[PDB]
Each structure stands twice: as structure tokens, then as C-alpha cells.
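**Q** Structure below; questions to follow.
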Amino acid sequence: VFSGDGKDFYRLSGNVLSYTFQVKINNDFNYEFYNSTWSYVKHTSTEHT
Amino acid sequence: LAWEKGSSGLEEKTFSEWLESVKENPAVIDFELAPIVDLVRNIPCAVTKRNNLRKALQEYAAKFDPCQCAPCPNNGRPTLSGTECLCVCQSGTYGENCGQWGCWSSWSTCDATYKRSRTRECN
Amino acid sequence: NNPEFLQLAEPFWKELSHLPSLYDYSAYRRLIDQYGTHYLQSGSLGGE
Amino acid sequence: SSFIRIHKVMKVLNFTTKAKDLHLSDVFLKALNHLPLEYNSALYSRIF
Amino acid sequence: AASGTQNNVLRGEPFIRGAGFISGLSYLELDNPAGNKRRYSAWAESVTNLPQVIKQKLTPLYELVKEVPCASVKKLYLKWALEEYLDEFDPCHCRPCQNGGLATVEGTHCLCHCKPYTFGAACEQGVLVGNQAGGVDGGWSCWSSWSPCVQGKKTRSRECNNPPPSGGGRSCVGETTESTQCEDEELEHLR
Amino acid sequence: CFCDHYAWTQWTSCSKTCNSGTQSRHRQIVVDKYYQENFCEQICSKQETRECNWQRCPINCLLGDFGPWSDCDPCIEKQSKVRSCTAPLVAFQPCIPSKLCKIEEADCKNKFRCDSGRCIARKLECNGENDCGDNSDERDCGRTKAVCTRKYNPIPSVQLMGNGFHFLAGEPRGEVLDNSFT
Ligand SMILES: *[C@@H]1O[C@H](CO)[C@@H](O[C@@H]2O[C@H](CO)[C@@H](O)[C@H](O)[C@H]2NC(C)=O)[C@H](O)[C@H]1NC(C)=O
């Protein structure tokens, strides 16, 4: 078997029926970004004379 | 390129390297077909086992057909591999399970003439 | 190719030959534990 | 919000198999000789 | 009076499966969520240079018994032994695990393999993030007593059991009953 | 506004088991002062819908009962039994052959017979090239005729040009044609 994605030559066998040199690759990306915030302010004043 | 896909932004730098890699090692995409029974020609008893292989292929096509598999969500082509049916996802579809011809009919009774028919439905 | 005279391994063939003719679950359990339950039919070597 | 997708195909070198006098492989011709003479759909489906 | 509480429970468990180049992208985890491009290409080359045999297709192992002393008798006995092995430690005996956990049998002990982002004794704690639809799926029960071979068929008739579909999940996929031809010493062991 | 003041409810059950599911959640909106005095109604989403179990409903693989035993006349005493999953599709067992092997003959008539079974032309013998596959032709060749002046490299991805194609399986097949023979 010739050079496929490797060294000069490989060696097959009688029991092995096939050696294949087809390239396929799958990828995935699932990015999620969250950011919450809270800001509460309360003030009171009372003066009597 | 597959790893950089996460930040693609329509990248083109690694596209030339991918072109070179495919030039070094392509993959089967398009192809014309022909019956494998025509390849056995130089064996001791060629015609006998050739006709036997034709009969075996006829009976195998009668046994297994793509119509036996359940249909696919969006125009997918189901294929039978062993005892499972996988849907071939086309461009624009994804997922583990992503008109088509139906099943053939039973062979009608052999008429007085040679003419025997079988019908398939596009349902 | 699965259907053929596949050259078996020395330990596998030796354990299969040392199996008793009469049904004995003892050695059968140990052979199944050591060698498994299934052999390879097809499949690529895709990473993960 | 936005979403973009592309798809491209490469038309790399052709391939043309010769019509006649094709040279079979070792394992294929080996398995092709173990076929029974009388018709047998089961053993013929194996090489299929 | 001023009171403040801070809690940042951030964790991860990458599964990177090339022997040597495993450590790189997995240990890059500190303050670097995204993996390096060149390191990813190096790991891709390495895992190309070393197989990743997982993701296989299977066939019955007992079929490999072809040319040995007492070949067919040993093959049939291995079929029976494989059936007994499969139904002796079938995870059906194990009780259903919490939060949709998957149970296994290692010897004589059940192990609830916890789903991602879960932990505990029976995968009960750590319900902070599910990221799935939710519910409780169905599970097939253990196979009942085998048929007495009245006409060769089987009467296992796997039915629902103590883990029924309750949280709105889908039922256990699979056949209800099975049917085959009884061996009966396989026609007195092949003529 | 702070849309998180009304936390989302838990995702409801999937509407169907396998075909197609629909689940939704809504804000726990209470009409308080903060809601009305910050225009929280027009800007905060009140529901989120998403699919669940978007796969299909594959039917259970159902085989059929065995058929009648088939008579055997091959060179290897094995009988076939075909039925229409995890159980084997077809299981072959030893047979009781009424007739053993026959019609044994030499395939090669005007060509050379390689010891491996391949039948190649006698012209391909003693040419300094492995044509049988197991170096049978070049076994004891006293002299060879140089067919090529220099050792050249083979075509890349040439083995994919010899593989068979199973139309039903979606994965073409193992090797059937040899791509090293020249
Ligand atoms: C948290 O909120 C910030 C908004 O301030 C998000 O990103 C910030 O973007 C600005 C843009 O210049 C940077 O200067 C800040 O450093 C960023 N925030 C941080 C914490 O670095 C951010 O995406 C939000 N989500 C997170 C941090 O998970």
C-alpha cells in the first residue's frame, strides 16, 4: 500500500480487506455568554423642629 | 482549518494549505457505477458463477431496499447498513438523523408469453 | 474480510482448544471476560 | 444578531478505470474461489 | 451593617483522546478556555500518528469458531454461554439512578454513571445545570423465564417496570417480545 | 430594566416522545412599582420556546422466523439458513453433503499459475516486478528484462480508485481491485 498521510510505504495483509486514505473530520462549537447585574439604591430623610 | 472554524470570519489564509492537502490526498465525491458481476471474468468457471452472482444480486435487491428504511425529516436519502437505517444529510441539514421511490411490487404470475412485469411507486 | 480462515491468535486459539467438549460455564465465563463479546466488522478510526 | 454559512466543492483530478482486462486483487480472487458451485444466496451475500 | 457573599464555582473536565500530546490542550485549562491553534494542530497530527480505536462496529464473537477440535459444538456452547453472560449481569437488575443516570454492573455491584455536571452517591446532588430537556426516561425490565420450547418460539416478553416514564421522557425503545426457533440440541447436534 | 427580577420557570415536559417536542418557560411577572415605572413590559421577553427530541422515531428492527434447510453441494460441508438488530442475519452450520467437492481443474490454460491462485500471463514472468502478489513469478528467474529504467513513485489516493461501491450501505466497500499491479 502506497504512501497515504504517512511514511513512504506500509504493508497490508490477507486478512485485512481494505486500507483507505479518505480524509473527513467533524467539529463543533457551542459558546454561551451571560452576565446579569443588580443595582438598587434607597434613601430617606426626615427632620422636624 | 477545522479548529480555526470557531473564529472563521470567512477566513482564507489556511484555505491554500487545505487546497494543497487535498491535492496531496483527495476523497471520493463523484463517480459512475457499473455492476460488480462484470468484474469476475478470469476465473476457472466464469459464466456459471457469474449467472449465480446475478441471481444472488437479484435476490439481495429483493431482500434489501432503501424503501424498507423509514423516511428522513427533510428530503434525506435513507441508506441501509446492516440492520440500521441512517439518513444522509444534505447541504444545510445536521443532526444524528438529519421525492423518493417506494417499494417494488411482488412479481406477477408468469404469463403465457415471456412478458413478466414489476412496478415501483414514486410515493 | 470477516468470512474466511482468519488466522487466530495463540492465546485465543489455545483457550478455545482447552475448552471442554461438554458444556461447562466455568471456562466459558473466563474466556468471555478475557476476550470480550464481539469482534470487529467495520468502522473507521475517527478521533474524538 | 446574524448568521452566515458557506459551502464549496473541489473538482480535483478525474479517474478513469479501464473497460476490460481489469486485474483483480489477491484477497478478492481468494474469496471468489471459495464460492460454492451450486447456487447459495446466503454464502453469495457474504461476498456482496 | 454591610454584608456580602461571593461564590464562583467554575469547573471543567475536558475529554481529549497520540499519547504524549494529550497533556497540552487539557492542561492549558488555567485561565485559557479556548485551546491554542498550533497546539490543536499538533494534537491532530499526533492523534493521526496513533490510533483511536473507539467508535467501532461489532459482530458476534462466537462466529470466529471455524476450524478447531469440536468446532460446532463449542460454537453452540459459546452462544449459550454468551446469552447467559448477557442476561446474568444485565443492568436491568440495578435500580434506576436519579437524574437520568445510567447504571452498569461491575462484578456484583451497581455503579450509577453520573450524567455530565452531576455527582453524588446515586447522581442526586449537583443539579445546578441540566442543559437538557429533562424528565425521566423508560427502562426495559429483566428478561423473564425462557420459553419451554412448545413450538420453538420465545416468551421472554420484556415489559415496563419500576422506572416508568414519569417526567415526560420517551419510553424505552425496543421490541416487546422475541421469537426464534428453539435449538433442541440443534437437530440432535447436526444429524 | 432588570428582566431577571422575574426568574424563568422550569422548562416544561417535551410535548412528544420522539417525533417533535415543544417546551416553553415564562417570566414570573408580578405587576409591582418597579415593573410599571421602568417600562419593563415592552423590553423584557415574556416567553422562550425551543424544541426537544428533534430526532425521528426509528422502528424496532424486526426479523422473521427461519426458513427451511437448504440442500448443500459445495466443496465445504456447510449448510445455509436464511431469515428475514443484534441476532445474526444468516447463520451457517455444518452440513451433511450428499456429494463432496467436484469439478476441480486448473484455471490457467495458456497462462502462468501463481501459487496463490492468481492466473497471470506468462509474458509477465521474469520481468523484475511482483505480478502474482507474493513474488511467485520472480522466484528463480535467472535473468530479467528491465521494463522500467528508474523506480517511480505511485499515484496518491490510487487505492480509492479500486474499492468497490455498495450502493445500499452509503460506505462504498473494501478493496476489490488491485491498484499496485502495473
Ligand atoms: C460581563 O459584562 C461585560 C460588560 O462590561 C462583558 O464584557 C466586557 O467588555 C468590555 C468591553 O471593553 C471589557 O472592557 C470588559 O473587560 C468585559 N468584561 C469583563 C468582565 O472582562 C462580558 O462579556 C460579560 N460576561 C462575562 C464576563 O461572562
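Using Swiss-Prot numbers, chain E covers 362-378, 381-554, in order.
How was it done? The header gives electron microscopy, 5.6 Å.
In case you wondered, yes, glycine gets a Cβ from its N, Cα and C as well.
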**Q** Looking at Swiss-Prot, which of E:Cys455, E:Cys473, E:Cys475, E:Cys477 bridges to E:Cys460 via a disulfide?
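**A** The record-listed partner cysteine is E:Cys475.
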**Q** Swiss-Prot annotates one residue of E:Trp406, E:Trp509 as C-linked glycosylation site; which residue is it?
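**A** Going through E:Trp406, E:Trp509 one by one, Swiss-Prot flags E:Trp509 as C-linked glycosylation site.
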**Q** According to Swiss-Prot, E:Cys545 takes part in a disulfide bond; indicate which of E:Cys486, E:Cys505, E:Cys512 is its partner.
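**A** So the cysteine paired with E:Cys545 in Swiss-Prot is E:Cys512.
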**Q** Choosing among E:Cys473, E:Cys477, which residue does Swiss-Prot name as bonded to E:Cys457 by a disulfide?
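**A** Answer per the record: E:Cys473.
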**Q** Count up the helix, strand and coil residues in the domain 'EGF-like' (E:457-487) according to DSSP, in that order.
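**A** The breakdown for the domain 'EGF-like' (E:457-487) reads 3 helix, 9 strand, 19 coil.
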**Q** Within 10 Å of each Cβ, count the other Cβ atoms and name the one among the disulfide-bonded residues E:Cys455, E:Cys475 with the highest count.
**A** E:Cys475
**Q** Sequence gap of 6 or more, C-beta under 8 Å: which same-chain residues meet both conditions with respect to E:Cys460 (disulfide bond)?
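**A** Those within reach of E:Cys460 (disulfide bond), by Cβ under 8 Å and sequence separation of 6 or more, are E:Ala466, E:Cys475, E:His476, E:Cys477, E:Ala485, E:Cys486.
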**Q** If we check Cα distances from E:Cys512 (disulfide bond), which of the recorded positions E:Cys457, E:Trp503, E:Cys535 wins as closest?
**A** E:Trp503
**Q** Sorry to bug you, but what's the C-alpha spacing from E:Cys535 (disulfide bond) to E:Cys505 (disulfide bond), rounded to the closest Å?
**A** 13
**Q** Can you check which residue among the disulfide-bonded residues E:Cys457, E:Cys477, E:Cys505, E:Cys512, E:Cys545 has the largest number of Cβ atoms within 10 Å of its own?
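**A** The residue with the densest Cβ neighbourhood is E:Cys477.
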**Q** Test of understanding: give the count of other CB atoms lying within 10 angstroms of the CB of E:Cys486 (disulfide bond).
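**A** That number is 20.
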**Q** Which ones in the same chain are close to E:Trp509 (C-linked glycosylation site), with CB under 8 Å and 6+ residues apart in sequence?
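**A** The list for E:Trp509 (C-linked glycosylation site) reads E:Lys517, E:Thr518, E:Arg519, given in order along the sequence.
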